[PDB]
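The chain that follows stands alone, in the form solved without biotin (BTN), written as structure tokens.
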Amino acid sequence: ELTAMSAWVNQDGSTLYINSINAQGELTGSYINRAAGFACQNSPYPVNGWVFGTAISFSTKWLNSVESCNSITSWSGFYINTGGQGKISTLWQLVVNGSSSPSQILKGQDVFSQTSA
């Protein structure tokens, strides 16, 4: 149920909108960040990545036509079905332009639930 045209919302209210997943599993989409305390909110950021069965990676560069956060986030995760409901559970890494040490790469965890209007 990791499919093209599926949307996923995390604990901050941020949403991954998956647009396409091609025959090879290559992913395109958009992400809208709504996490308090972060910048680059409320506008769409292009996403690319891969799907392999239930495994998924997706990444976004925080630059678009309205706002830059000078960095890139990459999520690695997996789809799970629980209670008859799909979720994607992820770990992310955030690398900032101009970094000089691996210690500067930020890590965190996001869990996403399936969503639609």
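Numbers for residues come from their place in the sequence shown, where the first is 1.
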Per the entry, higher mean C-alpha B factor between 27-35 and 75-83: 75-83
Higher-B stretch (mean Cα B-factor, as the entry records it), 12-20 or 97-105: 97-105
Highest-ranked of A55, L91, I88, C69 once sorted by CA temperature factor in the record: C69
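Keep in mind that the form solved in complex with biotin (BTN) is not shown, yet the notes after this line are about it.
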Candidate from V66, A39, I80, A55 lying within 4.5 Å of biotin (BTN) in the bound PDB entry - any heavy atom: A39
Heavy atom distance at most 4.5 Å to biotin (BTN) in the bound PDB entry, all of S14, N33 and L94: yes
Exercise: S71 in contact with biotin (BTN) in the bound PDB entry, heavy atom 4.5 Å: yes
Non-hydrogen atom contact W62 with biotin (BTN) in the bound PDB entry at 4.5 angstroms: yes
